[PDB]
Amino acid sequence: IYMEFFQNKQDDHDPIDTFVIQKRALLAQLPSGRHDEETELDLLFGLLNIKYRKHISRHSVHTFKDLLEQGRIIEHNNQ
Amino acid sequence: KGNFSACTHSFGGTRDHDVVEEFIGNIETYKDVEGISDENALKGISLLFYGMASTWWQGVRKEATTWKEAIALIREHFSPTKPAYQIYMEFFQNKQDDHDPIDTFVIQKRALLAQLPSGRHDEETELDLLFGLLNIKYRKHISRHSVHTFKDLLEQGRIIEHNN
Amino acid sequence: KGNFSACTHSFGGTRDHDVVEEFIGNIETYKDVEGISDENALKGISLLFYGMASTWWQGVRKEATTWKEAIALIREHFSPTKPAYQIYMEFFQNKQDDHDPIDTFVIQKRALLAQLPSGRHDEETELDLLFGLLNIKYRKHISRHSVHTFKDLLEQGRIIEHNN
Amino acid sequence: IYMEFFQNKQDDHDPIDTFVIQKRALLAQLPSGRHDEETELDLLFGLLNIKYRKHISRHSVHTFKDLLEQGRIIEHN
């Protein structure tokens with residue numbers, strides 16, 4: 001599972017929503033309670049495409065619900 | 001004999017984690033072995049720098065009142081203690097190529113996974129995270145539910161290496 | 001143990017300010033640490049020169065009656081203490097190119113602005129004179145009325161560097 | 001007045017101050033007391049070019065004064 005997670009980095013066309021949904025779907029199969037919200041957000045953040053990494057930073061995320069919100073506002077603006 | 005006069009250990013600001021940690025460990029082991037009264041080591045700290053570091057000390061000398069503050073100033077100005085995600089990405093970057101034994105690879109990967117914040121990761125998840133990035137030649141014979149600590153993995157890898 | 005017999009510090013007249021200042025500081029710190037009675041350091045000053053400097057000492061030995069006169073003779077013959085305007089022009093010459101962090105640049109610019117006559121320039125005008133020659137990548141985020149001492153500027157530059 | 005507003009979106013060259021003063025001077029002819037500051041700023045924030053909009057976001061600015069400050073700092077570069 002850990003090997004599969006870091007293989008295919010995000011492409012240059014998929015919206016952020018589908019990517020977060022698939023990555024969360026692949027991360028629930030590990031035994032429960034070994035990973036709380038913060039380290040999971042840290043592991044997920046290294047593979048985002050360059051369009052989003054150059055604006056939002058790691059200073060302010062405060063869990064997943066915020067990342068989807070900032071990504072949607074940055075996506076409606078036509079990049 | 002704690003005049004900090006005869007010591008063949010030096011530092012010149014090469015901007016890397018390993019050289020800085022080696023220098024700090026050698027100074028602190030020297031102070032523990034020969035015998036300093038924790039105040040004479042501040043009056044003779046300037047006998048160990050050379051080149052670019054001596055200008056830095058002559059610049060920032062007036063903000064050092066104790067020994068621990070000076071060692072923290074060195075560690076903070078010459079190592080910016082890298083964040084969490086870059087260590088994970090650098091860690092999964094490299095694979096174990098052939099013509100490289102187990103000892104060098106395990107030493108480097110255990111030296112990389114010590115810059116994380118302490119108390120987050122025990123031994124079992126660390127070995128499970130390490131086990132994926134090994135070559136097929138060892139991995140055909142050392143399958144899981146057989147090792148629990150790094151000593152056993154190193155031992156069985158050494159036997160399979162020197163046997164054939 | 002002040003016979004000035006075992007010391008691995010040397011000098012050979014390379015005609016530069018930094019090497020001379022490093023040599024003078026190392027000798028004076030050695031005399032403060034090990035213990036010399038301020039007269040034996042003149043009888044054993046000739047155990048530290050080599051090459052071109054030993055001929056100079058065998059030439060001008062008969063004009064040294066104390067220790068401070070000898071250290072002043074070294075500083076005056078091998079450093080001509082450059083005037084005011086060339087330091088300002090050299091200072092505004094170079095800009096901060098990319099692939100160069102803040103610490104090296106701030107160390108060099110603070111090592112250059114110490115050869116002026118003392119008591120003319122305090123900290124605020126010095127930081128205001130330094131702030132113009134920085135690259136756009138830091139300067140887009142570290143705008144003024146936010147820093148007052150060099151420690152805060154180094155800290156915020158280090159955060160903006162290691163963050164992205 | 002509502003038709004004349006929302007016409008002529010600001011072009012790349014016009015500075016933020018000139019554009020803001022005209023659009024506020026033209027909004028005072030409506031009958032008095034029909035609008036508070038919040039809805040007025042919400043109406044105005046739909047015609048600025050892509051240049052000023054990518055950085056500031058509507059959740060940040062509150063009153064009708066901070067927008068000028070953030071626009072000036074973004075326009076300095």
# chains A, B, ... in the order shown; residues from 1 in each chain; ligands from 1
>>> interface_residues(of="chain A", to="chain D", cutoff="12 Å", atoms="only C-alpha atoms", output="VMD selection string")
chain A and resid 54 to 56 69 to 70 73 to 79
>>> residues_around(residues="residue C:34", least_positions_apart="2", cutoff="10 Å", atoms="only C-alpha atoms", output="number ranges by chain")
B: 2-5, 44; C: 1-4, 29-32, 36
>>> interface_residues(of="chain A", to="chain C", cutoff="10 Å", atoms="only C-alpha atoms", output="ChimeraX atom specification")
/A:53-54,57-59
>>> atom_distance(atom1="atom CA of residue C:124", atom2="atom CA of residue C:109")
14.8 Å
>>> calpha_fit_and_write(fixed="chain C", moving="chain B", output="PDB file with C-alpha atoms, in the first residue's frame")
ATOM      1  CA  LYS B   1      53.062  26.184  29.978  1.00  0.00           C
ATOM      2  CA  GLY B   2      53.687  29.500  28.140  1.00  0.00           C
ATOM      3  CA  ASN B   3      56.873  28.789  26.127  1.00  0.00           C
ATOM      4  CA  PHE B   4      55.057  29.541  22.802  1.00  0.00           C
ATOM      5  CA  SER B   5      56.613  26.241  21.562  1.00  0.00           C
ATOM      6  CA  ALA B   6      53.612  24.153  20.478  1.00  0.00           C
ATOM      7  CA  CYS B   7      51.285  26.210  18.285  1.00  0.00           C
ATOM      8  CA  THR B   8      49.933  25.264  14.855  1.00  0.00           C
ATOM      9  CA  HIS B   9      49.125  28.848  13.795  1.00  0.00           C
ATOM     10  CA  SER B  10      51.245  30.458  11.092  1.00  0.00           C
ATOM     11  CA  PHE B  11      51.449  33.473   8.794  1.00  0.00           C
ATOM     12  CA  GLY B  12      53.350  34.232   5.607  1.00  0.00           C
ATOM     13  CA  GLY B  13      52.232  37.612   4.293  1.00  0.00           C
ATOM     14  CA  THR B  14      49.382  37.007   1.849  1.00  0.00           C
ATOM     15  CA  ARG B  15      48.389  40.735   1.780  1.00  0.00           C
ATOM     16  CA  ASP B  16      44.721  40.584   2.771  1.00  0.00           C
ATOM     17  CA  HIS B  17      42.742  41.966   5.702  1.00  0.00           C
ATOM     18  CA  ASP B  18      40.958  38.770   6.775  1.00  0.00           C
ATOM     19  CA  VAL B  19      44.030  36.526   7.119  1.00  0.00           C
ATOM     20  CA  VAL B  20      45.876  39.175   9.155  1.00  0.00           C
ATOM     21  CA  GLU B  21      42.908  39.739  11.485  1.00  0.00           C
ATOM     22  CA  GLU B  22      42.452  35.974  11.965  1.00  0.00           C
ATOM     23  CA  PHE B  23      46.155  35.547  12.820  1.00  0.00           C
ATOM     24  CA  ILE B  24      46.180  38.452  15.301  1.00  0.00           C
ATOM     25  CA  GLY B  25      43.003  37.225  17.005  1.00  0.00           C
ATOM     26  CA  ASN B  26      44.303  33.663  17.309  1.00  0.00           C
ATOM     27  CA  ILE B  27      47.616  34.797  18.849  1.00  0.00           C
ATOM     28  CA  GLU B  28      45.922  37.110  21.344  1.00  0.00           C
ATOM     29  CA  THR B  29      43.361  34.467  22.369  1.00  0.00           C
ATOM     30  CA  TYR B  30      46.194  31.924  22.832  1.00  0.00           C
ATOM     31  CA  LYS B  31      48.060  34.369  25.095  1.00  0.00           C
ATOM     32  CA  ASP B  32      44.893  35.010  27.103  1.00  0.00           C
ATOM     33  CA  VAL B  33      44.125  31.301  27.526  1.00  0.00           C
ATOM     34  CA  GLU B  34      47.413  29.507  28.255  1.00  0.00           C
ATOM     35  CA  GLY B  35      49.253  32.204  30.232  1.00  0.00           C
ATOM     36  CA  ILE B  36      52.180  34.421  29.213  1.00  0.00           C
ATOM     37  CA  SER B  37      53.830  37.068  31.407  1.00  0.00           C
ATOM     38  CA  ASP B  38      53.805  39.627  28.512  1.00  0.00           C
ATOM     39  CA  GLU B  39      57.600  39.510  28.010  1.00  0.00           C
ATOM     40  CA  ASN B  40      58.174  35.894  26.991  1.00  0.00           C
ATOM     41  CA  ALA B  41      55.906  36.436  23.983  1.00  0.00           C
ATOM     42  CA  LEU B  42      58.518  38.748  22.448  1.00  0.00           C
ATOM     43  CA  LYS B  43      61.410  36.285  22.795  1.00  0.00           C
ATOM     44  CA  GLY B  44      59.439  33.585  21.010  1.00  0.00           C
ATOM     45  CA  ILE B  45      57.589  35.501  18.302  1.00  0.00           C
ATOM     46  CA  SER B  46      60.059  34.211  15.709  1.00  0.00           C
ATOM     47  CA  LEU B  47      58.758  30.619  15.981  1.00  0.00           C
ATOM     48  CA  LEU B  48      55.584  31.479  14.037  1.00  0.00           C
ATOM     49  CA  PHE B  49      56.813  33.144  10.830  1.00  0.00           C
ATOM     50  CA  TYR B  50      57.865  31.358   7.644  1.00  0.00           C
ATOM     51  CA  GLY B  51      58.947  32.271   4.131  1.00  0.00           C
ATOM     52  CA  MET B  52      58.788  35.975   3.299  1.00  0.00           C
ATOM     53  CA  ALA B  53      57.946  37.070   6.859  1.00  0.00           C
ATOM     54  CA  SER B  54      61.131  35.765   8.499  1.00  0.00           C
ATOM     55  CA  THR B  55      63.343  37.940   6.288  1.00  0.00           C
ATOM     56  CA  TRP B  56      61.140  40.900   7.246  1.00  0.00           C
ATOM     57  CA  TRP B  57      61.578  40.145  10.954  1.00  0.00           C
ATOM     58  CA  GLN B  58      65.354  39.723  10.611  1.00  0.00           C
ATOM     59  CA  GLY B  59      65.317  43.108   8.906  1.00  0.00           C
ATOM     60  CA  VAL B  60      63.163  45.117  11.314  1.00  0.00           C
ATOM     61  CA  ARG B  61      63.820  43.364  14.683  1.00  0.00           C
ATOM     62  CA  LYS B  62      65.594  46.371  16.234  1.00  0.00           C
ATOM     63  CA  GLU B  63      62.469  48.587  16.386  1.00  0.00           C
ATOM     64  CA  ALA B  64      60.359  46.443  18.746  1.00  0.00           C
ATOM     65  CA  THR B  65      60.593  47.195  22.468  1.00  0.00           C
ATOM     66  CA  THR B  66      57.192  45.936  23.702  1.00  0.00           C
ATOM     67  CA  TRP B  67      54.384  43.614  22.495  1.00  0.00           C
ATOM     68  CA  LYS B  68      51.842  46.217  21.372  1.00  0.00           C
ATOM     69  CA  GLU B  69      54.433  47.919  19.155  1.00  0.00           C
ATOM     70  CA  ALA B  70      55.137  44.609  17.388  1.00  0.00           C
ATOM     71  CA  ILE B  71      51.445  43.888  16.827  1.00  0.00           C
ATOM     72  CA  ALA B  72      51.010  47.452  15.518  1.00  0.00           C
ATOM     73  CA  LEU B  73      53.996  47.014  13.192  1.00  0.00           C
ATOM     74  CA  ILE B  74      52.387  43.872  11.735  1.00  0.00           C
ATOM     75  CA  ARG B  75      49.010  45.584  11.291  1.00  0.00           C
ATOM     76  CA  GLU B  76      50.525  48.707   9.731  1.00  0.00           C
ATOM     77  CA  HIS B  77      52.988  47.032   7.351  1.00  0.00           C
ATOM     78  CA  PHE B  78      50.562  44.405   6.051  1.00  0.00           C
ATOM     79  CA  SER B  79      47.246  46.299   5.986  1.00  0.00           C
ATOM     80  CA  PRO B  80      47.078  49.923   4.786  1.00  0.00           C
ATOM     81  CA  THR B  81      43.568  50.549   6.348  1.00  0.00           C
ATOM     82  CA  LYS B  82      41.660  51.671   3.157  1.00  0.00           C
ATOM     83  CA  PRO B  83      39.932  55.099   3.033  1.00  0.00           C
ATOM     84  CA  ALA B  84      36.247  55.940   3.281  1.00  0.00           C
ATOM     85  CA  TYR B  85      34.934  56.269  -0.275  1.00  0.00           C
ATOM     86  CA  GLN B  86      36.330  53.045  -1.768  1.00  0.00           C
ATOM     87  CA  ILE B  87      34.488  51.028   0.890  1.00  0.00           C
ATOM     88  CA  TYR B  88      31.192  52.707  -0.059  1.00  0.00           C
ATOM     89  CA  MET B  89      31.746  52.135  -3.778  1.00  0.00           C
ATOM     90  CA  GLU B  90      32.786  48.483  -3.294  1.00  0.00           C
ATOM     91  CA  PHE B  91      29.708  48.080  -1.009  1.00  0.00           C
ATOM     92  CA  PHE B  92      27.191  49.340  -3.648  1.00  0.00           C
ATOM     93  CA  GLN B  93      28.999  47.471  -6.429  1.00  0.00           C
ATOM     94  CA  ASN B  94      27.699  43.922  -5.932  1.00  0.00           C
ATOM     95  CA  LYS B  95      24.079  42.781  -6.007  1.00  0.00           C
ATOM     96  CA  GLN B  96      22.667  39.612  -4.457  1.00  0.00           C
ATOM     97  CA  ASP B  97      22.507  36.999  -7.199  1.00  0.00           C
ATOM     98  CA  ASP B  98      20.260  33.931  -7.039  1.00  0.00           C
ATOM     99  CA  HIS B  99      21.443  30.595  -5.579  1.00  0.00           C
ATOM    100  CA  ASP B 100      22.907  32.521  -2.622  1.00  0.00           C
ATOM    101  CA  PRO B 101      21.168  32.466   0.789  1.00  0.00           C
ATOM    102  CA  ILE B 102      20.807  35.355   3.230  1.00  0.00           C
ATOM    103  CA  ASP B 103      23.412  34.270   5.806  1.00  0.00           C
ATOM    104  CA  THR B 104      26.508  34.450   3.564  1.00  0.00           C
ATOM    105  CA  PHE B 105      25.494  37.838   2.125  1.00  0.00           C
ATOM    106  CA  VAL B 106      24.695  39.387   5.518  1.00  0.00           C
ATOM    107  CA  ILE B 107      27.967  38.044   6.978  1.00  0.00           C
ATOM    108  CA  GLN B 108      30.037  39.555   4.146  1.00  0.00           C
ATOM    109  CA  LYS B 109      28.255  42.930   4.230  1.00  0.00           C
ATOM    110  CA  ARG B 110      28.631  43.135   8.014  1.00  0.00           C
ATOM    111  CA  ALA B 111      32.304  42.219   7.678  1.00  0.00           C
ATOM    112  CA  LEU B 112      32.791  45.039   5.169  1.00  0.00           C
ATOM    113  CA  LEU B 113      31.097  47.775   7.242  1.00  0.00           C
ATOM    114  CA  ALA B 114      33.525  47.606  10.163  1.00  0.00           C
ATOM    115  CA  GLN B 115      36.485  49.331   8.498  1.00  0.00           C
ATOM    116  CA  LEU B 116      34.812  52.745   8.749  1.00  0.00           C
ATOM    117  CA  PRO B 117      35.693  55.076  11.648  1.00  0.00           C
ATOM    118  CA  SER B 118      33.673  54.039  14.675  1.00  0.00           C
ATOM    119  CA  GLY B 119      30.829  56.067  16.135  1.00  0.00           C
ATOM    120  CA  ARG B 120      29.464  57.442  12.854  1.00  0.00           C
ATOM    121  CA  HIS B 121      26.731  54.924  12.014  1.00  0.00           C
ATOM    122  CA  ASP B 122      24.210  53.205  14.284  1.00  0.00           C
ATOM    123  CA  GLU B 123      22.093  50.149  13.481  1.00  0.00           C
ATOM    124  CA  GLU B 124      19.022  51.705  11.840  1.00  0.00           C
ATOM    125  CA  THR B 125      20.815  53.606   9.065  1.00  0.00           C
ATOM    126  CA  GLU B 126      22.988  50.540   8.459  1.00  0.00           C
ATOM    127  CA  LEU B 127      19.954  48.301   7.923  1.00  0.00           C
ATOM    128  CA  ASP B 128      18.340  50.987   5.745  1.00  0.00           C
ATOM    129  CA  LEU B 129      21.525  51.102   3.661  1.00  0.00           C
ATOM    130  CA  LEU B 130      21.596  47.303   3.390  1.00  0.00           C
ATOM    131  CA  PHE B 131      17.921  46.802   2.478  1.00  0.00           C
ATOM    132  CA  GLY B 132      18.199  48.171  -1.066  1.00  0.00           C
ATOM    133  CA  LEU B 133      20.560  45.489  -2.388  1.00  0.00           C
ATOM    134  CA  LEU B 134      18.398  42.396  -1.970  1.00  0.00           C
ATOM    135  CA  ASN B 135      16.683  40.275  -4.602  1.00  0.00           C
ATOM    136  CA  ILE B 136      12.984  40.570  -5.466  1.00  0.00           C
ATOM    137  CA  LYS B 137      12.155  37.057  -4.217  1.00  0.00           C
ATOM    138  CA  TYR B 138      12.723  37.940  -0.571  1.00  0.00           C
ATOM    139  CA  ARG B 139      11.735  41.593  -0.953  1.00  0.00           C
ATOM    140  CA  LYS B 140       8.184  40.841  -2.088  1.00  0.00           C
ATOM    141  CA  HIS B 141       7.375  39.514   1.405  1.00  0.00           C
ATOM    142  CA  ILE B 142       9.622  41.260   3.980  1.00  0.00           C
ATOM    143  CA  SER B 143       8.532  44.910   3.540  1.00  0.00           C
ATOM    144  CA  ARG B 144       9.521  47.567   6.058  1.00  0.00           C
ATOM    145  CA  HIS B 145       8.027  48.719   9.375  1.00  0.00           C
ATOM    146  CA  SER B 146       8.416  45.070  10.405  1.00  0.00           C
ATOM    147  CA  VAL B 147      12.103  44.630  11.373  1.00  0.00           C
ATOM    148  CA  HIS B 148      14.395  46.683  13.605  1.00  0.00           C
ATOM    149  CA  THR B 149      17.475  44.486  14.206  1.00  0.00           C
ATOM    150  CA  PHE B 150      19.435  42.085  11.977  1.00  0.00           C
ATOM    151  CA  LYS B 151      18.264  39.030  13.956  1.00  0.00           C
ATOM    152  CA  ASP B 152      14.628  39.527  12.903  1.00  0.00           C
ATOM    153  CA  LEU B 153      15.577  40.026   9.245  1.00  0.00           C
ATOM    154  CA  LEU B 154      17.689  36.852   9.287  1.00  0.00           C
ATOM    155  CA  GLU B 155      14.850  34.957  11.000  1.00  0.00           C
ATOM    156  CA  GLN B 156      12.123  35.972   8.548  1.00  0.00           C
ATOM    157  CA  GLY B 157      14.436  35.404   5.582  1.00  0.00           C
ATOM    158  CA  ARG B 158      15.236  31.931   6.891  1.00  0.00           C
ATOM    159  CA  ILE B 159      11.527  31.103   7.296  1.00  0.00           C
ATOM    160  CA  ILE B 160      10.709  32.322   3.767  1.00  0.00           C
ATOM    161  CA  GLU B 161      13.707  30.364   2.439  1.00  0.00           C
ATOM    162  CA  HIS B 162      13.044  26.978   4.039  1.00  0.00           C
ATOM    163  CA  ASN B 163       9.248  27.193   3.670  1.00  0.00           C
ATOM    164  CA  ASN B 164       9.130  26.969  -0.139  1.00  0.00           C
TER     165      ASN B 164
END
>>> residues_around(residues="residue D:44", least_positions_apart="2", cutoff="10 Å", atoms="only C-alpha atoms", output="PDB file with C-alpha atoms, in the first residue's frame")
ATOM      1  CA  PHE D   5     -22.851  50.291 -13.769  1.00  0.00           C
ATOM      2  CA  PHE D   6     -21.455  46.783 -14.798  1.00  0.00           C
ATOM      3  CA  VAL D  20     -12.612  53.147  -7.259  1.00  0.00           C
ATOM      4  CA  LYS D  23     -17.487  53.860  -9.285  1.00  0.00           C
ATOM      5  CA  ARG D  24     -18.249  55.173  -5.804  1.00  0.00           C
ATOM      6  CA  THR D  39     -23.648  44.786  -0.194  1.00  0.00           C
ATOM      7  CA  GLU D  40     -22.002  47.768  -1.894  1.00  0.00           C
ATOM      8  CA  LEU D  41     -18.556  46.212  -1.628  1.00  0.00           C
ATOM      9  CA  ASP D  42     -20.022  42.870  -2.720  1.00  0.00           C
ATOM     10  CA  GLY D  46     -17.026  41.654  -9.682  1.00  0.00           C
ATOM     11  CA  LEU D  47     -15.329  43.859 -12.255  1.00  0.00           C
ATOM     12  CA  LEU D  48     -11.671  44.011 -11.185  1.00  0.00           C
TER      13      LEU D  48
END
